[PDB]
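The next block holds one structure in the form of C-alpha coordinates; read it before the comments.
Computation of the quantities below employed the complete heavy-atom set of this structure, encompassing side-chain atoms and omitting hydrogens, waters and symmetry-equivalent molecules. Residue numbers run from 1 in the order of the sequence given.
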Amino acid sequence: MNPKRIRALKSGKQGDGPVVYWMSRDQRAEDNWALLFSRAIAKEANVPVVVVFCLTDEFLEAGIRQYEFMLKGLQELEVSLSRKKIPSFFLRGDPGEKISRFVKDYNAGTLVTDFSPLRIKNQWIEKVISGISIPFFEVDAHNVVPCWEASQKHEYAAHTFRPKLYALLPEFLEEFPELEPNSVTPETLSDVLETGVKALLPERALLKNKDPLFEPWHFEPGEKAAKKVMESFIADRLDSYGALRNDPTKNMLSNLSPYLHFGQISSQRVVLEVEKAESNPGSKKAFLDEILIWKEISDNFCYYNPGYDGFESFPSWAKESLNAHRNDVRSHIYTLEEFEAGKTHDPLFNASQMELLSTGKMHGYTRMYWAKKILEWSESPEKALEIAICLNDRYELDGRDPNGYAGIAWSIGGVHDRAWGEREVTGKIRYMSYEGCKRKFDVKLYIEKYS
Ligand SMILES: Cc1cc2nc3c(=O)[nH]c(=O)nc-3n(C[C@H](O)[C@H](O)[C@H](O)COP(=O)(O)OP(=O)(O)OC[C@H]3O[C@@H](n4cnc5c(N)ncnc54)[C@H](O)[C@@H]3O)c2cc1C
(Lines give C-alpha, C1' and ligand atoms only; values in the text may rest on other atoms or scores of the structure.)
Protein backbone atom coordinates (compact mmCIF):
# COMPACT_ATOMS: atom_id res chain seq x y z
CA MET A 1 0.00 0.00 0.00
CA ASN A 2 2.20 2.75 -1.38
CA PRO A 3 1.48 6.10 0.32
CA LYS A 4 2.44 7.94 -2.87
CA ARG A 5 -0.94 6.92 -4.30
CA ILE A 6 -2.77 9.13 -1.76
CA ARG A 7 -2.72 12.95 -1.52
CA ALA A 8 -4.43 15.37 0.88
CA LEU A 9 -7.12 17.64 -0.54
CA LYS A 10 -7.99 19.35 2.71
CA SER A 11 -6.88 19.04 6.29
CA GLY A 12 -9.54 18.68 8.94
CA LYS A 13 -10.53 17.12 12.22
CA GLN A 14 -11.15 13.39 12.01
CA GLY A 15 -14.65 12.35 13.07
CA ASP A 16 -15.39 9.05 14.81
CA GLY A 17 -17.85 7.60 12.29
CA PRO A 18 -17.41 5.61 9.07
CA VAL A 19 -14.82 6.29 6.38
CA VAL A 20 -16.63 7.49 3.27
CA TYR A 21 -15.27 6.66 -0.19
CA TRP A 22 -16.81 9.17 -2.59
CA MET A 23 -16.53 7.00 -5.65
CA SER A 24 -16.56 8.86 -8.97
CA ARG A 25 -14.15 7.64 -11.64
CA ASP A 26 -13.44 4.11 -10.46
CA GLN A 27 -16.75 2.27 -10.41
CA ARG A 28 -15.50 -1.15 -9.35
CA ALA A 29 -14.91 -3.24 -6.22
CA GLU A 30 -11.83 -5.14 -7.39
CA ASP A 31 -8.41 -3.64 -8.08
CA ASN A 32 -9.37 -0.22 -6.70
CA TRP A 33 -6.70 1.63 -4.72
CA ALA A 34 -9.17 4.31 -3.60
CA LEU A 35 -11.46 1.69 -2.04
CA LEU A 36 -8.50 -0.27 -0.65
CA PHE A 37 -7.05 2.82 0.98
CA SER A 38 -10.48 3.76 2.37
CA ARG A 39 -10.89 0.28 3.83
CA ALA A 40 -7.45 0.47 5.41
CA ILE A 41 -8.12 3.89 6.98
CA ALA A 42 -11.39 2.47 8.31
CA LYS A 43 -9.68 -0.57 9.80
CA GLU A 44 -7.15 1.65 11.59
CA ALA A 45 -10.03 3.75 12.99
CA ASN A 46 -12.13 0.71 14.02
CA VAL A 47 -15.03 1.84 11.82
CA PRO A 48 -16.70 0.54 8.65
CA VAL A 49 -16.05 1.86 5.19
CA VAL A 50 -19.03 2.94 3.10
CA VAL A 51 -19.28 4.00 -0.55
CA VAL A 52 -21.18 7.07 -1.77
CA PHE A 53 -21.76 7.90 -5.43
CA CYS A 54 -23.33 11.13 -6.67
CA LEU A 55 -25.91 10.92 -9.46
CA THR A 56 -25.24 14.44 -10.65
CA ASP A 57 -27.32 17.04 -12.44
CA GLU A 58 -25.01 16.90 -15.43
CA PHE A 59 -26.28 13.55 -16.71
CA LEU A 60 -28.53 15.47 -19.11
CA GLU A 61 -25.47 16.70 -21.02
CA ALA A 62 -24.87 13.24 -22.50
CA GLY A 63 -27.23 10.45 -23.58
CA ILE A 64 -29.07 7.36 -22.50
CA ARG A 65 -26.21 5.35 -23.97
CA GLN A 66 -23.78 6.47 -21.24
CA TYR A 67 -26.35 6.76 -18.46
CA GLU A 68 -27.57 3.17 -18.93
CA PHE A 69 -24.04 1.81 -19.29
CA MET A 70 -22.99 3.50 -16.05
CA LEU A 71 -26.09 2.72 -14.01
CA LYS A 72 -26.28 -0.94 -15.06
CA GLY A 73 -22.68 -1.22 -13.91
CA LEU A 74 -23.59 0.42 -10.59
CA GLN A 75 -26.44 -2.07 -10.09
CA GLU A 76 -23.89 -4.88 -10.37
CA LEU A 77 -21.51 -2.95 -8.10
CA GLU A 78 -24.14 -2.67 -5.37
CA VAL A 79 -24.30 -6.47 -5.26
CA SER A 80 -20.52 -6.83 -5.22
CA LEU A 81 -20.02 -4.26 -2.46
CA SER A 82 -22.81 -5.76 -0.36
CA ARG A 83 -21.14 -9.17 -0.56
CA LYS A 84 -18.15 -7.44 1.12
CA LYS A 85 -20.57 -5.97 3.71
CA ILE A 86 -19.85 -2.51 2.29
CA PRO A 87 -23.03 -0.39 1.98
CA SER A 88 -23.42 1.95 -0.97
CA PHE A 89 -25.45 5.15 -1.14
CA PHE A 90 -26.46 6.83 -4.38
CA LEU A 91 -27.10 10.51 -3.86
CA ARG A 92 -29.24 12.41 -6.35
CA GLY A 93 -27.76 15.86 -6.76
CA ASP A 94 -24.43 17.48 -7.05
CA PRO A 95 -21.58 16.76 -4.67
CA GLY A 96 -21.22 20.07 -2.84
CA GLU A 97 -24.67 19.75 -1.34
CA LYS A 98 -24.97 16.00 -1.24
CA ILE A 99 -21.53 14.90 0.01
CA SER A 100 -21.43 17.63 2.65
CA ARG A 101 -24.87 16.64 3.96
CA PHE A 102 -24.02 12.93 3.89
CA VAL A 103 -20.83 13.50 5.87
CA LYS A 104 -22.86 15.43 8.45
CA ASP A 105 -25.84 13.05 8.58
CA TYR A 106 -23.65 9.94 8.87
CA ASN A 107 -21.00 11.46 11.16
CA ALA A 108 -18.27 10.47 8.71
CA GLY A 109 -14.76 10.29 10.10
CA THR A 110 -12.74 10.76 6.90
CA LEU A 111 -13.60 11.47 3.26
CA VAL A 112 -11.70 9.77 0.41
CA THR A 113 -12.30 10.23 -3.30
CA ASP A 114 -10.67 8.80 -6.40
CA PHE A 115 -8.68 10.97 -8.84
CA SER A 116 -9.87 12.74 -11.98
CA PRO A 117 -8.10 15.81 -13.43
CA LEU A 118 -11.28 17.01 -15.15
CA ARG A 119 -12.61 20.47 -14.49
CA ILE A 120 -16.02 19.25 -13.30
CA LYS A 121 -14.43 17.01 -10.64
CA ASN A 122 -12.35 19.95 -9.44
CA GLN A 123 -15.49 22.11 -9.32
CA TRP A 124 -17.07 19.41 -7.15
CA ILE A 125 -14.03 19.22 -4.87
CA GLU A 126 -14.07 22.94 -4.23
CA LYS A 127 -17.72 22.88 -3.21
CA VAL A 128 -17.22 19.82 -1.00
CA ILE A 129 -14.18 21.38 0.68
CA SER A 130 -16.30 24.38 1.72
CA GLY A 131 -18.98 22.13 3.29
CA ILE A 132 -16.93 19.70 5.43
CA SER A 133 -14.67 19.88 8.48
CA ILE A 134 -13.17 16.36 8.33
CA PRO A 135 -9.97 15.30 6.51
CA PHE A 136 -10.32 14.82 2.75
CA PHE A 137 -7.96 12.66 0.65
CA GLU A 138 -7.82 11.54 -2.95
CA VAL A 139 -6.25 8.37 -4.26
CA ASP A 140 -5.12 7.79 -7.82
CA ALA A 141 -6.94 4.55 -8.65
CA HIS A 142 -6.93 5.08 -12.44
CA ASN A 143 -3.22 5.34 -13.34
CA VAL A 144 -0.54 2.77 -12.59
CA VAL A 145 1.81 5.61 -11.64
CA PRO A 146 0.04 8.35 -9.66
CA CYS A 147 -0.43 11.28 -11.96
CA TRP A 148 1.31 13.79 -9.67
CA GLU A 149 4.25 11.36 -9.32
CA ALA A 150 4.83 10.38 -12.96
CA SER A 151 6.05 13.88 -13.77
CA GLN A 152 6.09 17.21 -11.96
CA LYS A 153 4.92 19.02 -15.12
CA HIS A 154 3.19 18.86 -18.49
CA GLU A 155 5.20 16.62 -20.85
CA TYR A 156 5.26 17.95 -24.39
CA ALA A 157 5.86 14.57 -26.05
CA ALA A 158 5.32 10.90 -25.44
CA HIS A 159 9.08 10.50 -25.68
CA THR A 160 9.62 12.76 -22.65
CA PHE A 161 6.79 11.16 -20.61
CA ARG A 162 7.67 7.56 -21.55
CA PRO A 163 11.08 7.35 -19.77
CA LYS A 164 9.66 8.94 -16.62
CA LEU A 165 6.71 6.54 -16.56
CA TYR A 166 8.81 3.46 -17.25
CA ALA A 167 11.38 4.47 -14.63
CA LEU A 168 8.51 4.24 -12.12
CA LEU A 169 6.85 1.01 -13.31
CA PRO A 170 9.09 -1.28 -11.22
CA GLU A 171 7.82 0.53 -8.12
CA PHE A 172 4.16 1.05 -9.00
CA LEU A 173 3.22 -1.87 -11.28
CA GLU A 174 2.25 -4.40 -8.62
CA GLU A 175 -0.50 -6.81 -7.71
CA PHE A 176 -3.53 -5.75 -5.69
CA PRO A 177 -4.32 -7.07 -2.22
CA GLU A 178 -7.78 -8.52 -1.71
CA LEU A 179 -10.38 -6.09 -0.40
CA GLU A 180 -11.13 -7.01 3.20
CA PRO A 181 -14.89 -7.11 3.91
CA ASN A 182 -16.21 -4.92 6.67
CA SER A 183 -16.02 -6.81 9.96
CA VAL A 184 -19.83 -6.74 10.31
CA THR A 185 -22.67 -5.42 8.18
CA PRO A 186 -23.02 -1.79 9.40
CA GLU A 187 -35.06 4.39 -4.30
CA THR A 188 -33.62 1.67 -6.53
CA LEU A 189 -31.15 2.43 -9.27
CA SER A 190 -33.71 0.92 -11.65
CA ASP A 191 -36.20 3.63 -10.71
CA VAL A 192 -33.48 6.29 -10.87
CA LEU A 193 -32.65 5.03 -14.36
CA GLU A 194 -36.31 5.16 -15.45
CA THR A 195 -36.59 8.75 -14.24
CA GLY A 196 -33.39 9.72 -16.00
CA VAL A 197 -34.35 8.00 -19.25
CA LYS A 198 -37.66 9.86 -19.20
CA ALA A 199 -35.77 13.16 -18.96
CA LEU A 200 -33.29 12.17 -21.71
CA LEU A 201 -35.82 10.69 -24.16
CA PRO A 202 -36.62 13.87 -26.15
CA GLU A 203 -32.94 14.19 -27.13
CA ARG A 204 -32.34 10.52 -27.94
CA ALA A 205 -30.50 9.96 -31.22
CA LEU A 206 -33.00 8.63 -33.78
CA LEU A 207 -33.22 7.87 -37.47
CA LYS A 208 -35.83 9.74 -39.49
CA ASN A 209 -37.60 6.40 -39.03
CA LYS A 210 -37.74 7.37 -35.34
CA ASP A 211 -35.94 4.09 -34.70
CA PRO A 212 -33.07 4.59 -32.22
CA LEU A 213 -29.54 4.80 -33.59
CA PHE A 214 -27.73 3.29 -30.62
CA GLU A 215 -27.08 -0.46 -30.56
CA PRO A 216 -26.54 -1.44 -26.88
CA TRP A 217 -25.27 -4.97 -27.49
CA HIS A 218 -21.70 -4.18 -28.57
CA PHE A 219 -20.34 -3.70 -25.01
CA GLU A 220 -22.24 -5.17 -22.10
CA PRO A 221 -21.62 -3.08 -18.97
CA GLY A 222 -20.17 -3.93 -15.60
CA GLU A 223 -17.14 -5.40 -13.86
CA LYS A 224 -17.77 -9.01 -14.86
CA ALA A 225 -18.33 -8.17 -18.52
CA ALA A 226 -15.20 -6.02 -18.52
CA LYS A 227 -13.09 -8.95 -17.32
CA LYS A 228 -14.46 -11.10 -20.14
CA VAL A 229 -13.60 -8.38 -22.69
CA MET A 230 -10.06 -8.28 -21.25
CA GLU A 231 -9.76 -12.07 -21.35
CA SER A 232 -11.00 -12.31 -24.93
CA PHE A 233 -8.61 -9.56 -25.99
CA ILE A 234 -5.64 -11.41 -24.56
CA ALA A 235 -6.76 -14.73 -26.02
CA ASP A 236 -7.99 -13.68 -29.47
CA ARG A 237 -6.87 -10.15 -30.36
CA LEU A 238 -3.59 -9.27 -28.62
CA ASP A 239 -1.44 -11.36 -30.99
CA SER A 240 -2.81 -9.39 -33.95
CA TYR A 241 -2.93 -6.01 -32.16
CA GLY A 242 0.39 -4.69 -33.42
CA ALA A 243 -0.48 -5.44 -37.04
CA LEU A 244 -4.14 -4.46 -37.05
CA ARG A 245 -4.65 -1.64 -34.51
CA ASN A 246 -4.78 0.94 -37.35
CA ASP A 247 -7.32 -0.96 -39.49
CA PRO A 248 -10.90 0.08 -38.65
CA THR A 249 -12.40 -2.68 -40.82
CA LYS A 250 -11.02 -5.24 -38.33
CA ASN A 251 -12.47 -5.77 -34.84
CA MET A 252 -9.05 -6.17 -33.25
CA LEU A 253 -8.78 -3.47 -30.57
CA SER A 254 -9.24 -4.42 -26.92
CA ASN A 255 -12.65 -2.66 -26.76
CA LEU A 256 -11.85 -1.83 -23.14
CA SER A 257 -12.24 1.98 -23.20
CA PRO A 258 -15.90 2.19 -22.07
CA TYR A 259 -15.01 0.01 -19.08
CA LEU A 260 -11.79 1.91 -18.41
CA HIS A 261 -13.56 5.26 -18.62
CA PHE A 262 -16.09 4.40 -15.90
CA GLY A 263 -13.44 2.45 -13.99
CA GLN A 264 -15.38 -0.81 -14.30
CA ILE A 265 -11.95 -2.40 -14.83
CA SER A 266 -8.49 -1.34 -13.63
CA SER A 267 -5.89 -0.48 -16.28
CA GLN A 268 -3.27 -1.70 -13.80
CA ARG A 269 -5.05 -5.06 -13.83
CA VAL A 270 -5.10 -5.12 -17.63
CA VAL A 271 -1.39 -4.30 -17.72
CA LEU A 272 -0.59 -7.04 -15.19
CA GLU A 273 -2.45 -9.60 -17.28
CA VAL A 274 -0.93 -8.48 -20.59
CA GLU A 275 2.58 -8.46 -19.09
CA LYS A 276 2.17 -12.13 -18.10
CA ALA A 277 0.64 -13.15 -21.45
CA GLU A 278 2.86 -14.79 -24.07
CA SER A 279 2.11 -12.98 -27.33
CA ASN A 280 4.02 -11.39 -30.17
CA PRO A 281 6.39 -8.86 -28.52
CA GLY A 282 5.64 -6.01 -30.88
CA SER A 283 1.93 -6.39 -30.13
CA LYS A 284 2.44 -6.21 -26.37
CA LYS A 285 4.76 -3.22 -26.79
CA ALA A 286 2.18 -1.43 -28.92
CA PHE A 287 -0.72 -2.17 -26.59
CA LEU A 288 1.18 -1.16 -23.48
CA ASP A 289 2.20 2.07 -25.18
CA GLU A 290 -1.48 2.95 -25.58
CA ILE A 291 -2.85 1.91 -22.18
CA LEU A 292 0.23 3.13 -20.23
CA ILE A 293 1.85 5.99 -22.15
CA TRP A 294 -0.97 7.58 -24.11
CA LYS A 295 -3.64 6.97 -21.48
CA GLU A 296 -1.56 8.28 -18.61
CA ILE A 297 -0.09 11.21 -20.61
CA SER A 298 -3.73 12.26 -21.11
CA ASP A 299 -4.11 12.58 -17.34
CA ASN A 300 -0.76 14.42 -17.30
CA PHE A 301 -2.18 16.86 -19.88
CA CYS A 302 -5.43 17.62 -18.08
CA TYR A 303 -3.80 17.76 -14.62
CA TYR A 304 -1.12 20.29 -15.57
CA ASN A 305 -3.02 22.35 -18.18
CA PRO A 306 -6.03 24.15 -16.71
CA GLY A 307 -6.93 25.15 -20.26
CA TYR A 308 -6.73 21.60 -21.66
CA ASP A 309 -9.91 22.06 -23.74
CA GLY A 310 -8.81 25.36 -25.29
CA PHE A 311 -6.53 26.67 -28.04
CA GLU A 312 -4.24 28.25 -25.45
CA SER A 313 -2.98 24.79 -24.34
CA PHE A 314 -1.70 23.95 -27.84
CA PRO A 315 2.10 24.10 -28.29
CA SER A 316 3.46 27.43 -29.43
CA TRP A 317 4.50 26.08 -32.84
CA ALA A 318 0.91 24.96 -33.46
CA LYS A 319 -0.70 28.16 -32.21
CA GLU A 320 1.62 30.21 -34.44
CA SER A 321 0.98 27.95 -37.41
CA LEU A 322 -2.80 27.83 -36.99
CA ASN A 323 -2.84 31.61 -36.50
CA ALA A 324 -0.88 32.12 -39.72
CA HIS A 325 -3.58 30.17 -41.57
CA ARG A 326 -6.63 31.49 -39.69
CA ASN A 327 -7.77 33.59 -42.66
CA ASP A 328 -7.19 30.91 -45.31
CA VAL A 329 -10.45 30.05 -47.06
CA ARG A 330 -11.73 26.65 -45.95
CA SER A 331 -12.54 24.16 -48.70
CA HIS A 332 -15.81 23.42 -46.84
CA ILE A 333 -17.58 24.69 -43.73
CA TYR A 334 -20.03 22.38 -41.96
CA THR A 335 -22.42 23.15 -39.15
CA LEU A 336 -22.41 21.16 -35.94
CA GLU A 337 -25.57 19.44 -37.13
CA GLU A 338 -24.08 18.54 -40.52
CA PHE A 339 -21.03 17.00 -38.85
CA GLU A 340 -23.30 15.29 -36.31
CA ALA A 341 -25.53 13.68 -38.94
CA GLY A 342 -22.62 12.51 -41.11
CA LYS A 343 -23.65 14.84 -43.94
CA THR A 344 -20.29 16.06 -45.23
CA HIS A 345 -18.98 15.44 -48.74
CA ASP A 346 -16.38 13.00 -47.33
CA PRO A 347 -17.76 9.43 -47.16
CA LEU A 348 -15.04 8.28 -44.76
CA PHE A 349 -15.87 11.10 -42.33
CA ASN A 350 -19.57 10.25 -42.58
CA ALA A 351 -18.99 6.55 -41.94
CA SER A 352 -16.80 7.37 -38.93
CA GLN A 353 -19.60 9.49 -37.50
CA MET A 354 -22.12 6.71 -38.25
CA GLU A 355 -19.96 4.23 -36.33
CA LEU A 356 -19.99 6.65 -33.39
CA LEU A 357 -23.75 7.17 -33.59
CA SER A 358 -24.61 3.47 -33.84
CA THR A 359 -22.03 1.86 -31.52
CA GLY A 360 -20.83 4.66 -29.23
CA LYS A 361 -17.20 3.68 -29.95
CA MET A 362 -15.51 5.07 -33.05
CA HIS A 363 -12.40 3.13 -34.00
CA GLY A 364 -9.26 4.82 -32.69
CA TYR A 365 -7.78 5.30 -36.15
CA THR A 366 -10.79 7.06 -37.59
CA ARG A 367 -11.16 9.23 -34.45
CA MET A 368 -7.87 10.79 -35.55
CA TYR A 369 -9.18 11.26 -39.10
CA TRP A 370 -12.52 12.58 -37.85
CA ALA A 371 -11.20 15.25 -35.50
CA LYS A 372 -8.65 16.48 -38.05
CA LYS A 373 -11.41 16.96 -40.61
CA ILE A 374 -13.42 18.98 -38.09
CA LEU A 375 -10.37 21.29 -37.95
CA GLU A 376 -10.19 21.39 -41.77
CA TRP A 377 -13.89 22.18 -42.33
CA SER A 378 -14.73 24.59 -39.52
CA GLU A 379 -14.32 28.37 -39.37
CA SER A 380 -11.53 28.37 -36.73
CA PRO A 381 -9.53 26.03 -34.46
CA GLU A 382 -11.60 27.24 -31.51
CA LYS A 383 -14.83 26.23 -33.23
CA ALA A 384 -13.28 22.93 -34.27
CA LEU A 385 -12.46 22.18 -30.64
CA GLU A 386 -15.98 22.99 -29.52
CA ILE A 387 -17.55 20.77 -32.18
CA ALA A 388 -15.21 17.84 -31.65
CA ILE A 389 -15.62 17.97 -27.85
CA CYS A 390 -19.39 18.31 -28.14
CA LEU A 391 -19.74 15.27 -30.40
CA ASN A 392 -17.12 13.15 -28.63
CA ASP A 393 -18.71 13.74 -25.24
CA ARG A 394 -22.32 13.39 -26.43
CA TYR A 395 -21.84 10.12 -28.33
CA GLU A 396 -18.73 8.19 -27.16
CA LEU A 397 -19.37 5.73 -24.35
CA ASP A 398 -15.78 6.43 -23.26
CA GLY A 399 -16.22 10.22 -23.56
CA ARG A 400 -16.03 13.05 -21.03
CA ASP A 401 -12.57 11.72 -20.36
CA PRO A 402 -8.97 13.00 -20.20
CA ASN A 403 -8.18 10.69 -23.16
CA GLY A 404 -10.81 12.58 -25.13
CA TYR A 405 -9.58 16.08 -24.39
CA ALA A 406 -5.98 15.03 -24.96
CA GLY A 407 -6.82 13.11 -28.14
CA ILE A 408 -8.82 16.01 -29.58
CA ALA A 409 -6.00 18.42 -28.66
CA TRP A 410 -3.49 16.10 -30.35
CA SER A 411 -5.70 15.95 -33.47
CA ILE A 412 -6.57 19.64 -33.80
CA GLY A 413 -3.71 21.40 -32.01
CA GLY A 414 -0.70 19.10 -32.29
CA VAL A 415 -0.53 18.48 -28.55
CA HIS A 416 2.01 15.67 -28.06
CA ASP A 417 2.89 15.88 -31.77
CA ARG A 418 5.41 17.72 -33.92
CA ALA A 419 5.11 20.02 -36.90
CA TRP A 420 4.63 18.35 -40.27
CA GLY A 421 4.66 19.83 -43.77
CA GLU A 422 2.94 23.20 -43.97
CA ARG A 423 -0.48 23.33 -45.63
CA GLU A 424 -3.09 26.01 -46.05
CA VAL A 425 -5.85 26.08 -43.38
CA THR A 426 -4.31 23.36 -41.18
CA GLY A 427 -0.79 24.78 -41.16
CA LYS A 428 1.76 22.32 -39.82
CA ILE A 429 -0.79 20.19 -37.93
CA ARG A 430 -0.36 16.58 -39.01
CA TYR A 431 -2.66 15.91 -41.95
CA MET A 432 -4.58 12.67 -42.50
CA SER A 433 -5.73 12.49 -46.09
CA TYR A 434 -8.52 10.32 -47.41
CA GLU A 435 -6.12 8.92 -50.03
CA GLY A 436 -3.65 8.01 -47.29
CA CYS A 437 -6.35 6.04 -45.48
CA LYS A 438 -7.24 4.18 -48.67
CA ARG A 439 -3.61 3.09 -49.03
CA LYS A 440 -3.73 1.98 -45.37
CA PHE A 441 -6.90 -0.09 -45.08
CA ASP A 442 -10.04 -1.14 -46.93
CA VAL A 443 -11.87 2.17 -46.66
CA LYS A 444 -14.68 1.04 -48.98
CA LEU A 445 -15.44 -1.83 -46.60
CA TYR A 446 -15.59 0.48 -43.58
CA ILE A 447 -17.90 2.83 -45.46
CA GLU A 448 -20.23 0.01 -46.51
CA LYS A 449 -20.54 -1.23 -42.92
CA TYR A 450 -21.40 2.23 -41.60
CA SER A 451 -23.85 3.42 -44.25
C1 LIG B 1 -10.22 12.67 -31.43
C2 LIG B 1 -9.98 11.60 -30.40
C3 LIG B 1 -10.87 11.47 -29.35
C4 LIG B 1 -10.70 10.47 -28.38
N5 LIG B 1 -11.61 10.41 -27.35
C6 LIG B 1 -11.43 9.51 -26.42
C7 LIG B 1 -12.37 9.47 -25.34
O8 LIG B 1 -13.32 10.25 -25.18
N9 LIG B 1 -12.11 8.46 -24.41
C10 LIG B 1 -11.08 7.54 -24.46
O11 LIG B 1 -10.97 6.69 -23.56
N12 LIG B 1 -10.20 7.59 -25.51
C13 LIG B 1 -10.36 8.54 -26.42
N14 LIG B 1 -9.49 8.60 -27.47
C15 LIG B 1 -8.34 7.67 -27.48
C16 LIG B 1 -8.58 6.38 -28.28
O17 LIG B 1 -9.15 6.67 -29.54
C18 LIG B 1 -9.50 5.43 -27.52
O19 LIG B 1 -9.04 5.27 -26.19
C20 LIG B 1 -9.54 4.03 -28.14
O21 LIG B 1 -9.90 4.11 -29.53
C22 LIG B 1 -10.51 3.16 -27.37
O23 LIG B 1 -10.65 1.86 -27.97
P24 LIG B 1 -10.02 0.57 -27.28
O25 LIG B 1 -10.14 0.55 -25.77
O26 LIG B 1 -10.58 -0.56 -28.07
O27 LIG B 1 -8.49 0.84 -27.67
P28 LIG B 1 -7.13 0.02 -27.58
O29 LIG B 1 -6.35 0.31 -28.80
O30 LIG B 1 -7.45 -1.40 -27.24
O31 LIG B 1 -6.34 0.73 -26.36
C32 LIG B 1 -6.47 0.27 -25.00
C33 LIG B 1 -6.65 1.46 -24.09
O34 LIG B 1 -5.51 2.34 -24.22
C35 LIG B 1 -5.93 3.69 -24.07
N36 LIG B 1 -5.67 4.41 -25.30
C37 LIG B 1 -5.64 3.92 -26.58
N38 LIG B 1 -5.41 4.82 -27.49
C39 LIG B 1 -5.29 6.00 -26.76
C40 LIG B 1 -5.04 7.34 -27.14
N41 LIG B 1 -4.87 7.74 -28.41
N42 LIG B 1 -5.00 8.26 -26.16
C43 LIG B 1 -5.20 7.88 -24.89
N44 LIG B 1 -5.42 6.66 -24.42
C45 LIG B 1 -5.44 5.76 -25.41
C46 LIG B 1 -7.42 3.66 -23.74
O47 LIG B 1 -7.61 3.60 -22.33
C48 LIG B 1 -7.84 2.35 -24.40
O49 LIG B 1 -9.05 1.83 -23.85
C50 LIG B 1 -9.61 9.61 -28.46
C51 LIG B 1 -8.72 9.74 -29.52
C52 LIG B 1 -8.89 10.72 -30.49
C53 LIG B 1 -7.91 10.81 -31.64
Side-chain angles (χ1 to χ4, degrees), residues 62-66 203-207 211-219 244-253 255 257-258 329-342 344-381 384-399 403-404 407-412 423-426 429-443 445-451:
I64 285 165
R65 72 183 58 197
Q66 296 95 354
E203 301 289 354
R204 188 184 187 193
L206 311 177
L207 296 172
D211 253 51
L213 273 159
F214 183 62
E215 303 168 5
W217 61 82
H218 296 268
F219 318 101
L244 293 179
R245 64 191 185 83
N246 287 329
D247 184 334
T249 73
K250 316 269 169 63
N251 167 72
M252 279 295 127
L253 306 183
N255 295 331
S257 60
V329 177
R330 274 70 178 137
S331 52
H332 307 271
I333 294 287
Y334 299 106
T335 62
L336 171 70
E337 288 74 24
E338 291 162 348
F339 281 125
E340 179 179 35
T344 78
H345 290 286
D346 178 333
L348 178 55
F349 182 91
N350 298 337
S352 302
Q353 180 65 19
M354 295 314 297
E355 180 179 37
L356 172 58
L357 290 170
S358 60
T359 76
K361 186 173 177 288
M362 193 191 304
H363 192 275
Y365 194 72
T366 44
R367 291 199 211 193
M368 291 185 283
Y369 183 83
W370 173 90
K372 286 180 178 294
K373 292 319 193 192
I374 290 169
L375 169 61
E376 194 174 359
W377 303 326
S378 58
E379 65 172 10
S380 69
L385 282 176
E386 291 181 344
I387 293 167
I389 288 171
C390 179
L391 296 178
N392 190 82
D393 287 357
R394 173 56 179 86
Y395 294 110
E396 295 283 3
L397 292 166
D398 60 26
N403 290 343
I408 289 167
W410 175 90
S411 297
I412 295 177
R423 298 173 177 246
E424 293 290 278
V425 178
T426 56
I429 305 297
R430 187 195 300 240
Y431 197 84
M432 236 157 244
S433 73
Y434 178 84
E435 311 92 279
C437 291
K438 271 194 162 175
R439 297 194 304 270
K440 181 79 165 179
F441 65 96
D442 187 344
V443 169
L445 183 48
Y446 183 74
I447 291 168
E448 293 175 9
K449 183 171 188 179
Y450 293 113
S451 67

Problem set entry | From CG (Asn392) to CG (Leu385), nearest 0.5 Å | 11.5 Å
Problem set entry | Heavy-atom closest contact (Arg394 atom, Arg204 atom, distance) | NH2-CA, 4.2 Å
For this session: Please report the shortest heavy-atom distance between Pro381 and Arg330, naming the atom on each side.
Result: CD-NH2, 4.3 Å
Exercise. Charged N to carboxylate O under 4.0 angstrom, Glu376 versus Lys373?
Worked result: yes
Problem set entry | Chi angles and distances behind the side-chain contact (heavy atoms from CB on, under 4.5 Å) call for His363, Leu253 | CA-CA 8 Å; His363 192 275; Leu253 306 183; 3.6 Å; yes
Seminar exercise, completed: Correct closest heavy-atom pair for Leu357 and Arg65 would be O-NH2, 2.8 Å
Exercise. Between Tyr334 (side chain) and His345 (backbone), is there a donor-acceptor pair under 3.5 Å?
Worked result: yes
Exercise. Is there a donor-acceptor contact under 3.5 Å from the side chain of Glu448 to the main chain of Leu445?
Worked result: no
Problem set entry | Residues, nucleotides or ligands: over 12 heavy atoms within 6.0 Å of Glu215 CD | yes
Seminar exercise, completed: Residues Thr366 and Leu348: closest non-hydrogen pair is CG2-CD1, 4.3 Å
Exercise. With side chains defined as the heavy atoms from C-beta onward, is the minimum distance between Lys440 and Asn246 less than 4.5 Å?
Worked result: yes
Exercise. Taking C-beta and beyond as the side chain, do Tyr450 and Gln353 meet within less than 4.5 Å on heavy atoms?
Worked result: no
Problem set entry | CG-CG distance between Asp211 and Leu206, expressed to the nearest 0.5 angstrom | 8.5 Å
Exercise. Is the ring centre of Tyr369 less than 6.0 Å from the ring centre of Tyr434?
Worked result: no
For this session: Look up atom CD1 in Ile447 and atom NZ in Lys438, then write down how far apart they are to the nearest 0.5 Å.
Result: 7.0 Å
For this session: Please round to the nearest 0.5 Å and tell me the distance separating atom SG of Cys437 and atom CZ of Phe349.
Result: 12.5 Å
For this session: Not counting sequence neighbours, which residues clear salt bridge (charged side-chain N to carboxylate O under 4.0 Å, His left out) with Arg367? List them please.
Result: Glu396, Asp398
For this session: Find out whether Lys372 and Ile429 are in side-chain contact, i.e. whether some heavy atom of one side chain is under 4.5 Å from a heavy atom of the other.
Result: yes
Problem set entry | Student check: side-chain heavy atoms of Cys390 and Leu336 closer than 4.5 Å | yes
Exercise. Heavy atoms, side chains only, cut-off 4.5 Å: are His218 and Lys361 in contact?
Worked result: no
Exercise. Where do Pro258 and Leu397 come nearest, in terms of heavy atoms and distance?
Worked result: CB-CB, 4.1 Å
For this session: State, yes or no, whether a side-chain contact exists between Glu340 and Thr335 at a heavy-atom distance under 4.5 Å.
Result: no
For this session: Locate the shortest heavy-atom distance separating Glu379 from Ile333; write the atom from each residue and the value.
Result: N-CD1, 3.5 Å
For this session: Pick out which of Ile387, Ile408, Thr344 makes a side chain to side chain contact (heavy atoms under 4.5 Å, CB included) with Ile374.
Result: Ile387
Problem set entry | Spacing of OG belonging to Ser433 relative to CZ belonging to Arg439, to within rounding of 0.5 Å | 5.5 Å
Exercise. Looking at side-chain heavy atoms only, is the closest gap between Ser411 and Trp370 below 4.5 Å?
Worked result: no
Problem set entry | Residues in ring pair (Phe, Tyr, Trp, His ring centres under 6.0 Å) contact with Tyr395, at least two apart in sequence or another chain | none
For this session: Could you pull out all residues at least two apart from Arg430 that satisfy side-chain hydrogen bond (donor to acceptor under 3.5 Å, both in side chains)?
Result: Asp417
Problem set entry | Nearest-0.5 Å distance that lies between atom OG in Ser378 and atom CD1 in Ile412 | 7.0 Å
